[PDB]
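Remarks on the structure that follows.
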There are 4 protein chains.
Amino acid sequence: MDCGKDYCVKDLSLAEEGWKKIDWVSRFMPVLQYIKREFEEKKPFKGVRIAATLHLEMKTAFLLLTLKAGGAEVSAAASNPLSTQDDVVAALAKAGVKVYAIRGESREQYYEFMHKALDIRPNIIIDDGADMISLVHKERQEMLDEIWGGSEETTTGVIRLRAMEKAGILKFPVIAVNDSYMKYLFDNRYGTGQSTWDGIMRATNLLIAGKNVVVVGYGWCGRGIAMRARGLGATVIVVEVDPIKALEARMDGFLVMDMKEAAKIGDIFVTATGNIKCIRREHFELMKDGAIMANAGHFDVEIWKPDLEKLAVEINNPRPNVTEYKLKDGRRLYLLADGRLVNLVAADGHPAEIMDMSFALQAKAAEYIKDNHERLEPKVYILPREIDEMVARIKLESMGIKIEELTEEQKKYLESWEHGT
Amino acid sequence: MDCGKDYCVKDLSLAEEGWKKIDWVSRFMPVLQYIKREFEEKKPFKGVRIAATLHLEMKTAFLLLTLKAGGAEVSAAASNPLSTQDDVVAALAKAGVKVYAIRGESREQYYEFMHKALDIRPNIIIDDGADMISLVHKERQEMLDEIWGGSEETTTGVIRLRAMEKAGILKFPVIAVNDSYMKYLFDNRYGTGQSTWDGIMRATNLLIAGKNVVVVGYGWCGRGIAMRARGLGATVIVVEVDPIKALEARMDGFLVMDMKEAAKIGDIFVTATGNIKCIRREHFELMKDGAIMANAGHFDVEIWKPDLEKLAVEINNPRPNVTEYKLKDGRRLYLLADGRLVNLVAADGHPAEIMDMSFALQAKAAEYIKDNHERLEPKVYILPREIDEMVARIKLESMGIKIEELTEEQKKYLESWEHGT
Amino acid sequence: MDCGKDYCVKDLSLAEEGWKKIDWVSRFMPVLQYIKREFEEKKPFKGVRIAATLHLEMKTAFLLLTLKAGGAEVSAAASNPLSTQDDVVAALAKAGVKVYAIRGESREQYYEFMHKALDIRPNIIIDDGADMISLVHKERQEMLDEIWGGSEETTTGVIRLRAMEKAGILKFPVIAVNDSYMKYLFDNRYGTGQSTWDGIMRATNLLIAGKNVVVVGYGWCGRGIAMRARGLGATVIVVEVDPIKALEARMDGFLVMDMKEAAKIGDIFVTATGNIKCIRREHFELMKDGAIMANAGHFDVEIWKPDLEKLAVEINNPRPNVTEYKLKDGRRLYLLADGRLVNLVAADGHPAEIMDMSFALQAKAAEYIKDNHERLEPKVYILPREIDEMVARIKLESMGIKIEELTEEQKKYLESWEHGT
Amino acid sequence: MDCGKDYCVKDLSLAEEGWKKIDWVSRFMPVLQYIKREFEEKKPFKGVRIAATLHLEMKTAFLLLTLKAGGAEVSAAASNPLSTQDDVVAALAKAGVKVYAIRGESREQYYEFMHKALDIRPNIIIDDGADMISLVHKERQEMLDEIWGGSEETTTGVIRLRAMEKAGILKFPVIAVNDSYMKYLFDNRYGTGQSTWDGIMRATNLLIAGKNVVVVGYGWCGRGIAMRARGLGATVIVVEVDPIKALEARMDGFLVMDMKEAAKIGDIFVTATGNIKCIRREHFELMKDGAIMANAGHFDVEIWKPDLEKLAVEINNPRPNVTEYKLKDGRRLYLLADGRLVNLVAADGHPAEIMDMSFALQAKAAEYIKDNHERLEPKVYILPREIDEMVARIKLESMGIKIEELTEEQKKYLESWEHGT
Ligand SMILES: NC(=O)c1ccc[n+]([C@@H]2O[C@H](COP(=O)([O-])OP(=O)(O)OC[C@H]3O[C@@H](n4cnc5c(N)ncnc54)[C@H](O)[C@@H]3O)[C@@H](O)[C@H]2O)c1
Ligand SMILES: NC(=O)c1ccc[n+]([C@@H]2O[C@H](COP(=O)([O-])OP(=O)(O)OC[C@H]3O[C@@H](n4cnc5c(N)ncnc54)[C@H](O)[C@@H]3O)[C@@H](O)[C@H]2O)c1
Ligand SMILES: NC(=O)c1ccc[n+]([C@@H]2O[C@H](COP(=O)([O-])OP(=O)(O)OC[C@H]3O[C@@H](n4cnc5c(N)ncnc54)[C@H](O)[C@@H]3O)[C@@H](O)[C@H]2O)c1
Ligand SMILES: NC(=O)c1ccc[n+]([C@@H]2O[C@H](COP(=O)([O-])OP(=O)(O)OC[C@H]3O[C@@H](n4cnc5c(N)ncnc54)[C@H](O)[C@@H]3O)[C@@H](O)[C@H]2O)c1
Ligand SMILES: N[C@@H](CCSC[C@H]1O[C@@H](n2cnc3c(=O)[nH]cnc32)[C@H](O)[C@@H]1O)C(=O)O
Ligand SMILES: N[C@@H](CCSC[C@H]1O[C@@H](n2cnc3c(=O)[nH]cnc32)[C@H](O)[C@@H]1O)C(=O)O
Ligand SMILES: N[C@@H](CCSC[C@H]1O[C@@H](n2cnc3c(=O)[nH]cnc32)[C@H](O)[C@@H]1O)C(=O)O
Ligand SMILES: N[C@@H](CCSC[C@H]1O[C@@H](n2cnc3c(=O)[nH]cnc32)[C@H](O)[C@@H]1O)C(=O)O
C-alpha cells in the first residue's frame, strides 16, 4: 500500500511500534552493540551498497541499522513471506532502509520484492536461504561483476551455494556464516531449540509434557529441538538417516525409529532436516487424530503439503497459523505456520541474545567480504576462527564471566611429545 | 461498552473469533468432553444457578458452557482484570452466559461486575482466588441462605477460606479443588511450569538458556517453574523459607540462597509464593541492570510495586506487558504483566490439556455440592479421591495408555504382616 | 566362626578395615555428628537396651555407635542376609555392640541371629522391614511388656506394622520413621535413585545410556530410580498400577505401559513396588536375550525367582551378584544380587549424606520412644514435623546455606482472608 | 612373580576369575563379536605380530583375543600402572598373549614390561597414550624397519603423535583412532561421563546430588562428566580456557568461572583437560575442608600432586583409592586414585558397550594398517568415515533399531541449488 521506489510496506503508520521492538531487543544484543560502536567511529561501509534477504523482524532490523550506522546504503527483502513483521518493516522504511516486504505476500511478490532490493546494485549480498544469490545468477546476471561477494546465514543456503560451486556457476565468493562455530553451535542448536517450542506453544496453547514429540533430523537444529522438548516434559522420538547421529540420539536418552513407526505414535511432529518430503502421504495416513505438525527447517517442503491436500476432504483454518486437514475417516491433522518456519511465523524467531551472535558474525562477514574479496575465488569460504573467538570473548565479558588462561608451561606441554608416563 | 442486564462485554462483534478459540482448545480437553456428554444426557443442573469467578479465556469458557449444557444458568466475572480475553467473553455473552468482564478493568469495575455476576442469586459459586466467596460474606449476606456451597480453584483462595473457617466466618460449605491430587500435582506444577515461561518468552523474546533464573518459592508452582527453567537451559536459584523444601531444591540440582543474595546475581526473577512482599525495595536496589521480574502467584503483591515506583525516576513501557522502572543510577528494571499472573496476562494461561483436568474437577465439584450440600457443614472439604482416580483414568484412556492392574493376591499381600524374611 | 554369647561374626581380624569405613563415612554425616555430641553430653540412653535390625554397613555402624555414645547397650542383627559387610561387623563386635551377622548367612541363621539380638531384652527396637518387631510378636511374646516401642525404617515395614495394628495384634507403639518428610522425600527418592545405579553399574559394568530401563513402581523409590536413570542417559519406561502416578510419570517425560508390553522392550528392569510378583513367568518369557533384572524394593519377592528357575535349563553365576538363567530357546536372563536390594548387595547402599538424615531421624525416634511411650497406644505414629524441621536446619547450616525468613507481616498475611484483589 | 620369557603376571592362579570377567563383558560387545567372527573365518592377521599398550582389563582382553583369533601373535603391556586387573592378565597369559603387567607396577617396571612387549618385534603397535610409540622412537630405533604402523586410542596420545609429526621425528604411519566419530563422540563423552562417576561413588560412597561439582575442561570428556553429574543431581561449575566452549557450558545450564573462583565453592573436582597443572598449589589453598578431587584425563599431572605434598603436614589413606592430605590449618583434601584415571583405577573403566565400539575401531585400524602400510606416509591419519558408519550400523542392528533411508530424490535435492522459494 505504502509502495514506491524506495520501499514497499503494508502501512508506514505502524513504524512507532516497530521502533519500540527494535529498541527493546537491541538492549540485549551486546556483541552487535560493540560492533556498531566501532562502525559508527570508522564508517567502514561508506559508499558501500548492501542488499539483504533476511527474516524481517526486530533483530534483523538492528543489524541493518548497524550496517547503516557504518555508512552502508541498505536494501532488504524478506527471507520468508510469512516471517515479516509489518511494524518493524515500517520503521526500517522510516530509517532510510530500502525495504520491500509485506507479511503474507505471495511467492511472486516475494521475488518481485527481492528484485527491487537488488535494484540497489549491491556490492555485498547478505542472504538467508540463498534465494537472493541464486536469483542474481539466474535473472540478474548483468550485475554479477559488480558484486564483491555474499554471506549465507543458514544450512540450507550453504548447501545450495556449495552445489552452485560444484556446478561451476557460482560467480563471486561466498561466506558460509552458518558454518562458523559461534553460529551453528548456538543459533542452530540453542536458538532453534527455544524458539521452535515458543512458536508451537504460541500457535496452539497445548501441553508439551507427556506428549510423544517426533523430531525428524538430529543435526544441530534437531538436537536443540529434542533437547528443549525433553526439557519441557515431552517424550522425544528421533528420526534420522545418519546412523552415527541416530546412535547419538539414543545415548542422549531418546527413542530412535523410522518415520513410519514414528507416525503411528507421535503427538507433535517437528521437521529439521533441510530436506524434501521427510513427512508425506503414508505418514499422514498413519497419524493419530489431532496430530500437530510443524517445520523448523527450510521453505515449506519438509512436510509435503500436496499430499495433505489430496487426503483432505475439508481444509479449515481454526486458529491463526493452524491449518486443519480433515480426512475421509474423520481424523483431523493440523499443520502449523503453513509448513514454514514455525519459530519465525508463529512466534518472534530466535531470542535476541542468540541473533546478537549470529548477526555479529554477519556484520564481520560483510567486513571480511569488503576487504578480502579480491583475493577470494568464486567459492564458499568459512570465516577464520579468530572472529568466532572475538565474538565469544565479547559475549563472555558482557556476561561478567572470566575464564581460565593458559600458562606458558601449559601451552608448551600441549605442543610437546616427550612427557609421557 | 456492550453492557446490559444480562452481560457487560467490550465488543459483541468479537464473538466469532472467541468461538474459534473455544472450539480449538475444546478439541484437546477429553476429560471435560466426557463430562459434558454426561451432563448433556442427564441434565444434572436443570434449574440450578451458578456464579463463577475465573480467568475468562477459552478453556474457562468451555467449562462454563459444559455447566450450561448440564442445564445450569451461569453467570461469570473475571478472576483478574488483565487476564480476560475480550473475544472469548463476547462469545460467552452470545451463548447466554451472564458474563460481566472487560480486559483492563478498573478495580471498581472488577467488583461492580462481580456484584453483577452475583445478581443471578447463585446456588453454587465457583471461585478462583476466593474474592467472590469473600464478597458474599462481606457485602451480600442476604445471598447466604440460597447458596449450597462454593468451590475454590487455587492455593491462595483455599488459604483465605480455611482462615475464614478458623475464625468462624464461613457460612456455607467449600470444596478445595486446589487440594485434589489431579489438580495441584498437575495444574500447579506442570501447568505453571510451562505457561510461566510461555508468557515470559512471549513478552520479552529473550534467551532463557545461560541465564540465572531466580525462583522465589519451591512449592508446587515453584517446583514446576524451576524444573522447566532448567529444561530451557537456565541456571536456577531457589529462594525458600521452608528448610525442607530448600533441601529438596538442592537435591534437585538447584542453587539455594536468600533473597538478598539471589537479587545480586539473578537475570530473571519469578515469584510463586502466594505471599506478600517477597521481592521489595532492598532487593530492587541490588538487582543488575536489565533484570526481568515476573509474578506467577496470586494478585500482584508478591513483587511489591510501590517500592519500585518510589525508586523509579522514570516509568516507561517499551513493550506490551513490560513496565520499565528507571532508577537514579540509570539502571532499568523490567516488571512483566504489571506484576500479575504472567502466564495468564502475557500469554494464554495453562495449556488446554492441563485445564482439562483442573476444570473436570471443578465440574465434578459443582456436581458434588449439588449432591451433598444438605449433608455438608460450613467448612472446607476436599473431593473424595475416587474422583481424582476417575479423572486420571479418563485421561489415561484418552491417551491410549493402559496400566498394570493390581491383582487380588497383591492386594492381600499389602494388607498382611506375617510374610517377612 | 568368631561366635559366642556377645557376638557372631565371620572374622574379628577384619575389624581394622571396618573401623576405617566407619570413620570415613562419619566425616560426611554432620547431622548425626551433631546429635552424637548431644548424646555424649547428656547420656540420655544410660541404662537403656536397644536391639536393631538394620543393613549392617558403615553408616548403620555409626548410628549404633552413636546410640552407644549416648549410654545405650546395643545389639544388632542384619536386615538382609546379603547386605552385611563383614569387616564393619567385626569392628562393631570390637566396640562392644552385640552384633550377630555374617554376610551370606542362611535364612535360618538370619532368624537365629535375630533371636540372639533380641536376647538383650530391648527397651527399644529399631527395625528395617519389620522382621524383628514381627518376630517378637510371633516367637518372643514373653518379652512384649518390657519393650517400650519400636521404630520402623522402611515403607515395607510400615505396611506390615499398620496391618498388625489393623488386626489388633500390635502390642507396643511404633514410630514410622519412613513416613517423616526428611526420610521418604530424600532417602527413598534421592538415596535410592543414586545407589540403585551405583549397584547395577558395579555388578555389571554395563552402559546405562541408550538403554530401555523399565522401572516398576512410581512411588518415591521408583521416581528417584527413574530420575537418575534418565540422568544417566537411559530411556525410562514406567509401570504403575496407580493411575495418578502413571500420569505423573508421563508428565515427567517417561513412557508408561503395562508390564507385559514393558517386558518385550526392556533392557534393564528395576522393581521398587514393595509388592509381590510384579515380574513373573510370562514377563520372563517375553524378555530379550541378555535382560538385566534388579530389585530395589524389599526382600526378594518382587521378581518371582521360582518362575525363573522353572524356565531355566541352566542356572549359572558368571559374576558376583549375577545369576544367569539360561532358557530353553537359548536366551539368557540375568538377575542381580539374588533378587535382593541391589543397592545394598551389589554396592554400599545409600550415600553417607543421605543416611545421615535417615539415621538422625532414627536417633530422634528412639529418644521419642524413650520419653513418650507411656502416653502412646499400641499404634503406628509419625514423628512431629518439628524433628523434620530440626534435621533440615542442621543439614542446611552444615552446608553453609542461609534461607529466607518470613516477616511478621508475611506470617500475618498467610493467616488472613480479607486481603483480596 | 609368575614371570618368564613369554609373560610376567602377578599370579597365574587368578586366571579362572579373569576368564569369567572376559566372558561376561564379551556377551555385551556385539560389534567386536561381529568382527571376531570375520577374523576367525578369514584369519587376516596370520603371521602378523602385534604389540599393544592398553588398560589391561576385561574389555581390552577381548580385543586382544579377537586379534589373536584373527591369527595375530599378540604382546601386551599396561597403559597405566594402576589400571591393570591381575586376574584378567592371568587369563591373557593362559591364552597365549605375551602380557607383561602387574597392578601397582613401579615406573621402572612399567617401562621394563613395555620393553618386554616390544621384544615380539611387532608389525603393528596399538597404543593408549603414545608411550609405546614414543618408546620405540627413543629407545628401540632398530624396530622401526619392521613396524607397519601404529594406532593411538586417546586424545593425549594423538596430541603427542601429531607433535612428533610436526617436528619430523615420526617414522611410521599412525592411525588416530581417537579422532573417529564413533570414538570421541561416544567413548570420550558418554563413556567417561558414566564411568567417572561410577568410580567416584565406588571410592567414596558419597552423595552426588546437591553438591557443587567443578569440571575442569569442557571438551568431549568434560561435556560427558558434566552432563552425567547434572543427571545425578549436582550443581555443575565448568572451568575452561576455550571461550567458545565456555559459552557452550553456560547454554547447557552450567555455571562458568575460573579455577580460583571454582576452588572456593567446589565439593568435588574432576579434571578432564589433557593438560598439566590445571589444579595446583593456590587452588588447594582455597579449597573447602573435605574437598574430593579426581582426574579423568591422561597420566596424573592434571592435579599437581607435588603441590599437595608440600602443603600437607600429614598424608593418610582412609580408604582404598583415597589419599588424605591434611594441611596446616587442619583441613583435609582427598585425592582419588592417586590422581590417575579415576574410572579405570577406582572402577572398571568405560562400560562394555562403549569399549565395544572403541575397540571395534581399534581392530579395524589394525586391519587398516595391515592393508595400507605400503601406501601410507609417516604421519597421522584418521580412518575413512565408511568404517565409522559400519560400526554404527552394526551397533544399531544389534539394538533392533532400523532407521529411515535417504531416498534418491532426497539425495539429488541435497546436491541442487535451483529449488528455492
Ligand atoms: N530458525 C530456524 O528455524 C533455523 C535455524 C537454523 C537452521 N535452520 C534450518 O534447519 C535445517 C537444518 O539445520 P541443521 O543446521 O540442523 O542441518 P544439519 O544438517 O545439522 O542436520 C540435518 C539432519 O537432517 C538429517 N536428515 C536429512 N534428511 C532426513 C530425513 N529424510 N529423515 C530424517 N533425518 C533426515 C541429516 O541426517 C542431518 O543429520 C536447515 O534447513 C537449516 O537452514 C532453521
Ligand atoms: N496459573 C498460575 O499462575 C497459578 C497456578 C496455580 C497456583 N498459582 C498461585 O501460585 C501461588 C503458589 O501456588 P502453590 O500451589 O505453589 O503454593 P505452595 O504453598 O505449594 O508453594 C508456596 C511456597 O512459597 C514459599 N514461600 C512463602 N513465602 C515465601 C517467601 N517470602 N520467600 C520464599 N518462599 C516463600 C512457601 O514456603 C511454599 O513452599 C499461589 O498464590 C497460587 O494461587 C498460580
Ligand atoms: N535402599 C532401598 O533400596 C530402599 C529405600 C527405601 C525404600 N525401599 C523399599 O522400596 C519399596 C517402595 O519404596 P516407596 O517408599 O517407593 O513405596 P511407595 O509405595 O512410595 O511406591 C510404591 C509404588 O509401587 C506401585 N506398585 C505396587 N504394586 C505394583 C505393581 N504390581 N506394578 C507396578 N507398580 C506397582 C504403587 O502403586 C506405588 O506407587 C518398599 O519396599 C520400600 O521398603 C528400598
Ligand atoms: N577413560 C578416560 O578417563 C578417558 C577417555 C577419553 C579421553 N581421556 C583423556 O581425557 C583428556 C581429554 O579428553 P578430550 O577428548 O576431552 O580432550 P578435549 O581436548 O576434547 O577437551 C579438552 C579440554 O580441556 C580444556 N583445557 C585445557 N587446559 C585447560 C585448563 N588448564 N583449564 C581448563 N580447561 C582446560 C581445552 O580447552 C579443551 O576443551 C585427554 O587426556 C584424554 O586422553 C580419558
Ligand atoms: N529463509 C529460509 C531458510 C530458513 S531461515 C533459517 C535462519 O533464520 C535465522 N533466524 C532465526 N530467528 C531469527 C530472527 O529472529 N531474526 C532473523 N533471523 C532469524 C537463523 O539464523 C537461521 O539460520 C526460510 O524461511 O525457510
Ligand atoms: N486470585 C489470583 C490467583 C488465582 S489464579 C491461579 C489459578 O489460575 C488457573 N489457571 C491457569 N491457567 C488458566 C487458564 O488458561 N484458564 C483458567 N484458569 C487458569 C490455575 O488453575 C490456578 O489455580 C488471581 O486470580 O489472579
Ligand atoms: N530390610 C528389608 C527391607 C528393605 S530395606 C530398605 C531400607 O534400607 C535403608 N538403607 C539404604 N542404604 C542404606 C545403608 O547404606 N545403610 C543402612 N540402611 C540403608 C533405607 O533407609 C531403606 O528404608 C530388605 O533388605 O529387603
Ligand atoms: N595415557 C593415559 C591416557 C590414555 S587412557 C584414556 C583411554 O582409556 C580408554 N578406556 C576407558 N575405559 C577403558 C576400559 O575399561 N578398558 C580399556 N580402555 C579403556 C578410553 O578409550 C580412552 O581413550 C593413560 O593411559 O592413563
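In the text below, chain A, chain B and the rest are named by the order of the sequence lines, each starting its count at 1. Counting starts at 1 for both ligands and their atoms, in listed order.
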Residues [X] and [Y]: side-chain donor-acceptor under 3.5 angstrom:
X      : Y      : value
D:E57  : D:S83  : no
A:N178 : A:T154 : no
A:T155 : A:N188 : yes
D:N343 : D:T192 : no
B:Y110 : B:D131 : yes
B:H350 : B:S195 : yes

Are B:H55 and B:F359 close enough, and set up right, to give a ring-ring contact (aromatic ring centres under 6.0 Å, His included), and what steps lead you there?
-> CA-CA 12 Å; B:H55 297 289; B:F359 281 163; 9.4 Å; no
Heavy-atom neighbours of A:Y181 OH exceed 12 at 6.0 Å = no
What residues sit with at least one heavy atom under 4.0 Å from ligand 6?
-> B:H55, B:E57, B:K59, B:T60, B:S79, B:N80, B:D128, B:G129, B:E153, B:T154, B:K183, B:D187, B:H298, B:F299, B:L341, B:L344, B:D348, B:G349, B:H350, B:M355, B:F359
Before accepting this row, confirm whether a basic side-chain N of the pair B:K59/B:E353 lies closer than 4.0 Å to the acidic partner's carboxylate O.
-> no
Residue shell around ligand 4, heavy atom under 4.0 angstrom = A:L406, A:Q410, D:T154, D:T155, D:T156, D:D187, D:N188, D:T192, D:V216, D:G217, D:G219, D:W220, D:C221, D:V239, D:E240, D:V241, D:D242, D:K245, D:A272, D:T273, D:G274, D:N275, D:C278, D:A296, D:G297, D:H298, D:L341, D:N343, D:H350
